[PDB]
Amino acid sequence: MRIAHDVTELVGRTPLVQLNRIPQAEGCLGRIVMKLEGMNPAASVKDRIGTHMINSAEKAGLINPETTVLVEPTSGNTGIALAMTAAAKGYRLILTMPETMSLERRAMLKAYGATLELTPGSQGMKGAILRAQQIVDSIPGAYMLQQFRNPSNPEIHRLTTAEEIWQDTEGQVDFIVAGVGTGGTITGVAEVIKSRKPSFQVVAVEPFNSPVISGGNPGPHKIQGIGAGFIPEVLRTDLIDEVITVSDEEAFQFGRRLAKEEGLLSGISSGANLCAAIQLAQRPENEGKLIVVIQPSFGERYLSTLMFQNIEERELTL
């Protein structure tokens, strides 16, 4: 009988889909397909690390539902993934965040029964991290996921994401194009596929306004999900063949085009990923080559984010 024990067994195994209009309109020579991480149970790639970081820590005997309080600073999708996972497996979870985070995302975390603690909006993610550290020190048995440093983050991408790409393309994949958040996705795929296919190339994506992997300064940008303004510990920097930078407006416009010309409602990072993949596919040396690009999230979350953001902007003017 095909009945899952709980929702955490339903993450990953996401499909590939070809693009029928955008690459053609852009005169692409390479072949672009999208991996739909938006089709995870809670609609983002995170679901893979939300589940595995906890599974890994359980399997190692570090954590237990009856005793361990989970803690993590997070203003993005990892919080949602952890909240779902914790509710499914019976964990108490505390998430810390800046007050600036969308009300929609706060309601999402609370809906899953996560405990929220807000931190000053000016202190950014830095205040959230410091507060998260206190809470772990305050609670015996407590455990910090540390998504940017946790080895089980790239591990799950090695074990699942990479194998799905390898199998579904039957070894034909020539490129991965992936925006870097924690860097877990691109790293796991790079580690596995480069070891089987040395010709396989790895293309990282980051905001133009925060071009840190390219060697520039960190900065404010609007590509939610990528570009944390430092180089994450879990990122295998040695495996990256190229970084492409994408403006906020490019990322947004290609997101609009994915929705309207392909029927793929996606977050802004999907638009960033595609933008970079388009440039890559236009290069003559890449004709006939198979480019896998990640859609990190379904776009409905981002849409309500933009809606609440617009409401707040109009009431804060003058």
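Note that residue numbering begins at 1 and tracks the sequence as displayed.
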What stretch has the higher average Cα B-factor here, 19-27 or 291-299? 19-27
Out of 56-64 and 254-262, which stretch has the higher average CA B-factor listed in the record? 56-64
Of 136, 234, 204, 84, which one's C-alpha B factor is largest in the deposited record? 136
Per the entry, which of 190, 177, 128, 156 tops the list for Cα B factor? 128
Taking the entry's C-alpha B-factors for this chain, is residue 100 in the lowest, middle or highest third? highest
Select lowest, middle or highest to describe the third in which the CA B-factor of residue 42 falls within its chain in this entry. lowest
Among modelled residues of the same chain, the CA temperature factor third for residue 246: middle
What third of its chain's C-alpha B-factors does residue 316 belong to: lowest, middle or highest? highest
For residue 170, the third of its chain into which the C-alpha B factor falls: highest
